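Okay, structure first, notes after.
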Amino acid sequence: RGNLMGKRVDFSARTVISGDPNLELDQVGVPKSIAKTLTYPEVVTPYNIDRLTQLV
Amino acid sequence: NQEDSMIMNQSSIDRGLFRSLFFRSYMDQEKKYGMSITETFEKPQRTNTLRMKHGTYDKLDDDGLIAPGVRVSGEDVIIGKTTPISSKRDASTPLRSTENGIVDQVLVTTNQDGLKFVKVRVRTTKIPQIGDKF
Amino acid sequence: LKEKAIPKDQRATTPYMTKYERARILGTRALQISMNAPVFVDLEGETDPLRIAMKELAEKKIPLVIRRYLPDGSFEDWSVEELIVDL
Amino acid sequence: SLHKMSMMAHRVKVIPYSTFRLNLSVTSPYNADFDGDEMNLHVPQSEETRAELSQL
Amino acid sequence: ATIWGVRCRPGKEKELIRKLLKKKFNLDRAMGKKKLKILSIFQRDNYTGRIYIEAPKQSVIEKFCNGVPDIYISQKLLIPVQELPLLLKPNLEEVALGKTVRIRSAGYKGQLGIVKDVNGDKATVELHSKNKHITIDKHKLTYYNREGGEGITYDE
Amino acid sequence: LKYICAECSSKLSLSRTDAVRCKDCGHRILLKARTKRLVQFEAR
RNA sequence: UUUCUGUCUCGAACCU
Ligand SMILES: [Mg+2]
Ligand SMILES: [Zn+2]
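Residue numbers (the authors' numbering), protein chains in the order written: chain A, 337 to 392; chain B, 834 to 919, 933 to 980; chain C, 69 to 155; chain D, 449 to 504; chain E, 285 to 377, 798 to 860; chain F, 27 to 70.
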């Protein structure tokens, strides 16, 4: 029950929530710091090589 | 201000409303690991073979404290301790990763057993933000 | 054993595509395009593999098939071109 | 996570501050109140994972 | 025979026997005709934590072992008559790094800072005013010695 | 001005391998004062 | 031109 049904995981964050009527319904605001730590592994293609090289 | 949130005036915040001081203290002891073997509060050095941390170490002075007045952050080391190993290794306590500020005070004394005991106190201003609760 | 497999006729499952099949196919095409698979559609500067996948599914130009597992282990074999992606 | 809609995929908007911001109308299915509540953000690590979260 | 085995504290068994006999001999020296009926007492090393005693009735061992520490008088048991020959058989057992700096073309200008890391062409400094780390080009920072005073540009 | 006493409020300027007691009084709390480095803050 | 630390275990208090 503590390590198989439910367990731990990286690539995640927890923090306080505040209301925001100037945000779309399916949108969610992320702190700049939390965005800086969290990452998505994106693979290099011709279709994003320029932006990925800029990010690197 | 919805769901019993609140809208707080920024001008009031930064003119004095609900600011506060955060004091946090850390401890270290010169624990007797091995008869006639004691740690010495000093600055660790890369030249001898120690397992020092990746945080900065220049904040320390020769004495082994951080020369109060200096400030710290992240993983800066607050007390510089080296444990002999049988050349030596690091056992310095780093500052908390999530907390940072200016060292207000440092204490050096002897405990009951005579091992040197050090108590370093760090001050920060903490201002209301959105996530702060009231 | 192939006897469990159903031929192209006598299939009883829905031709209308299920949301889970849609999601898996968009994801699978998304891996394929993100890792340099050929793209079956003319690209108007699109750069997000998920968007390219949605475009291919819109044109029914996705070379993928589904074994639709009957719970006894048999399966119905349904091609993406013929799967009516109405929703 | 008492019920099904208490775990929903949102679109990131990087927003400079220390708190998750979320549209107000999504507080009902979450049973959220911004009264010190905290919430949990899980970042997918694959194109399958993103496709599932966006489409399902 | 009548032979009862009593639990005791492991490892001190000989001390228990020696104390028991010295008590018995002192009791005999003080007592006259009517002596305590303890035929003998002994121990066993490899069956450690246990004593064996012979006596006719349990009250004798109770009135012997009162006040004796490290013996569990409450925990005693009969040794079977068939078991005795086998129990008694003989054969058993970068210069800019870590320097005070002042920023010069940014919003944080005139502010002390400490250089924490340099990724090349851009130095990260923790601000000596704010609890925030900032990246700024290292050429446009005037560096200061350990104490304040003269401000030296990037020429060291 | 390496260290100051807690009650005597007196400098000690001591070194390593020395006792951590105040010389003037019996007390051995032994604080120490600000560094000689310049320290700067704003009003924010 | 020398880098992937690091912990458990019994509780206590508090937040949603
Ligand atoms: Mg709440
Ligand atoms: Zn004194």
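Where a beta carbon is used, it is the ideal one built from N, C-alpha and C, also for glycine.
Coil, strand or helix - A105/C by DSSP: Position 37 of the third sequence, counted from the start, is the residue given in the question as residue 105/C. Coil, per DSSP.
Per-residue contacts from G902/B into chain F (C-beta, under 7 Å): Within the second sequence, residue 902/B is the residue found at index 69, counting from 1. Within 7 Å Cβ-Cβ: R60, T61, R63, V65.
Listed by chain order, chain A residues near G977/B by CB distance under 8 Å: Taking the second sequence and counting its residues from 1, one reaches residue 977/B at position 131. What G977/B touches in chain A: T351, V352, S354.
Residues that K461/D contacts on chain A, provided the C-beta gap is smaller than 9 Å: Taking the fourth sequence and counting its residues from 1, the one referred to as residue 461/D is at position 13. For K461/D, the chain A residues whose C-beta falls within less than 9 Å of its own C-beta are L359, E360, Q363, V364, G365, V366, listed in chain order.
Residue closest to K842/E, alpha-carbon to alpha-carbon, out of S833/E, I807/E, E854/E: The residue labelled residue 842/E in the question sits at position 138 within the fifth sequence. Closest option to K842/E, Cα to Cα, is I807/E.
Within 7 Å of ligand 1: residues by beta-carbon to any heavy atom: Working through the chain, the matches are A480/D, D481/D, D483/D, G484/D, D485/D.
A45/F CB to nearest heavy atom of ligand 2 below 8 Å: Translated into positions along the sixth sequence, residue 45/F becomes position 19. Distances taken from the Cβ of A45/F to the heavy atoms of ligand 2 include none shorter than 8 Å.
Test: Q503/D CB closer than 9 Å to a CB of chain C: Start at 1 with the first residue of the fourth sequence, and residue 503/D comes out as number 55. Yes - at least one Cβ of chain C is within 9 Å of the one on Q503/D.
9 Å Cβ cutoff met for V964/B and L898/B: As a working mapping, residue 964/B is identified with position 118 in the second sequence. As a working mapping, residue 898/B is identified with position 65 in the second sequence. A Cβ-Cβ contact shorter than 9 Å links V964/B with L898/B.
Anticipated Cβ contact below 8 Å, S838/B with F482/D, distance rounded: The sequence position of residue 838/B within the second sequence is 5, counting from 1. The sequence position of residue 482/D within the fourth sequence is 34, counting from 1. Contact holds; Cβ gap of about 5 Å.
Residues passing the C-beta test against ligand 2 heavy atoms, cut-off 6 Å: Counting every residue whose Cβ lies closer than 6 Å to a heavy atom of ligand 2, we get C31/F, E33/F, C34/F, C48/F, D50/F, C51/F, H53/F.
Below-9 Å beta-carbon distance, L388/A vs any chain D residue: As a working mapping, residue 388/A is identified with position 52 in the first sequence. For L388/A, the nearest beta carbon of chain D is not closer than 9 Å to its own beta carbon.
Below-9 Å beta-carbon distance, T381/A vs any chain C residue: Counting from one through the first sequence, the residue named residue 381/A turns up at place 45. Yes, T381/A lies at the interface with chain C (some Cβ there is under 9 Å from its Cβ).
Chain-order list of residues whose beta-carbon lies under 8 Å from that of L388/A (same chain, five-residue window excluded): Your numbering for residue 388/A matches position 52 in the first sequence. So the qualifying residues of the chain are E378, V380.
Beta-carbon gap between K368/A and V462/D smaller than 9 Å: On the first sequence, position 32 is the one that residue 368/A refers to. On the fourth sequence, position 14 is the one that residue 462/D refers to. For the pair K368/A and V462/D, the CB atoms are nearer than the 9 Å cut-off.
CB contact below 9 Å: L99/C versus chain D: As a position in the third sequence, residue 99/C is number 31, starting the count at 1. True, the Cβ-Cβ gap to chain D drops below 9 Å.
Paired residues, beta bridge with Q951/B - DSSP: Position 105 of the second sequence holds residue 951/B. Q951/B is bridged to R967/B.
Residues near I840/B in its chain [Cβ-Cβ closer than 7 Å; skip 5 each side]: For the purposes of this step, residue 840/B is taken as the residue at position 7 of the second sequence. Cβ within range, chain order: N834.
Neighbouring residues, chain A, relative to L470/D (Cβ below 9 Å): Indexing the fourth sequence from 1 puts residue 470/D at position 22. The contacting residues are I353, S354, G355, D356, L359, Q363, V364, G365.
Contact list for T115/C against chain A, beta-carbon separation under 7 Å: Position 47 of the third sequence holds residue 115/C. Simply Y383, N384.
Cut-off 8 Å between Cβ atoms - residues of its own chain near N849/E, not counting five sequence neighbours on either side: For the purposes of this step, residue 849/E is taken as residue 145 along the fifth sequence, with counting starting at 1. Shown here for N849/E: same chain residues with a beta carbon closer than 8 Å to its own, the five before and five after excluded, namely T804, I856 in chain order.
Min CB distance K87/C to chain D below 9 Å: In the third sequence, the residue the question calls residue 87/C occupies position 19. Closer than 9 Å to some Cβ of chain D, the Cβ of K87/C qualifies, so yes.
Candidates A900/B, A937/B, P877/B: closest to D861/B by CA position: Counted from its first residue, the second sequence places residue 861/B at position 28. Considering only alpha carbons, the answer is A937/B.
Best match in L801/E, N310/E, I335/E, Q366/E for proximity to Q359/E [C-alpha to C-alpha]: Sequence index remark: in the fifth sequence, residue 359/E carries index 75 (1-based). Distances from the CA of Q359/E to each of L801/E, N310/E, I335/E, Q366/E were compared; the closest alpha carbon is that of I335/E.
Classification of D909/B by the beta-carbon crowding that lies within 10 angstroms, buried from 16 upward: In the second sequence, residue 909/B corresponds to position 76, counting from 1. With 16 or more other Cβ atoms inside 10 Å of its own Cβ, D909/B counts as buried.
Residues from the stretch 43-60 of chain F in contact with chain B, defined by Cβ distance under 9 Å: So the close ones are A45, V46, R47, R54, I55, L56, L57, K58, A59, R60.
Beta-carbon proximity list for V799/E, same chain, < 7 Å, skipping 5 on both sides: By 1-based counting over the fifth sequence, the position of residue 799/E is 95. The residues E860, in chain order, have a CB closer than 7 Å to that of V799/E in the same chain once the five nearest residues on each side in sequence are set aside.
Whole runs of the alpha helix (DSSP H) within the stretch 315-370 of chain E, excluding any shorter than 4 residues: Within the stretch 315-370 of chain E, the complete alpha helix (DSSP H) runs of at least 4 residues are 342-349.
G960/B Cβ short of 8 Å to ligand 3 heavy atom set: Within the structure as shown, ligand 3 is missing, the only ligands being ligand 1 and ligand 2.
Beta-bridge pairing of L470/D - partner residues as DSSP gives them: The sequence position of residue 470/D within the fourth sequence is 22, counting from 1. Bridge partners of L470/D: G355/A, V364/A.
Proximal residues, the stretch 806-821 of chain E versus chain B, C-beta separation under 7 Å: Across the stretch 806-821 of chain E, CB contacts with chain B closer than 7 Å involve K820, in sequence order along the chain.
Beta carbon proximity, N957/B to chain A, threshold 9 Å: Here residue 957/B refers to the residue found at position 111 when the second sequence is read from its first residue. With 9 Å as the cut-off, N957/B does not count as an interface residue toward chain A.
Residue-level contact to chain A via CB, residue 923/B, 9 Å cutoff: Any structural detail on residue 923/B is unavailable, because chain B resumes at 933 straight after 919.
Supposed close pair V954/B, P901/B - CB separation, criterion 8 Å: Looking up residue 954/B in the second sequence gives position 108. Looking up residue 901/B in the second sequence gives position 68. The pair is not a contact, with the Cβ atoms about 11 Å apart (cut-off 8 Å).
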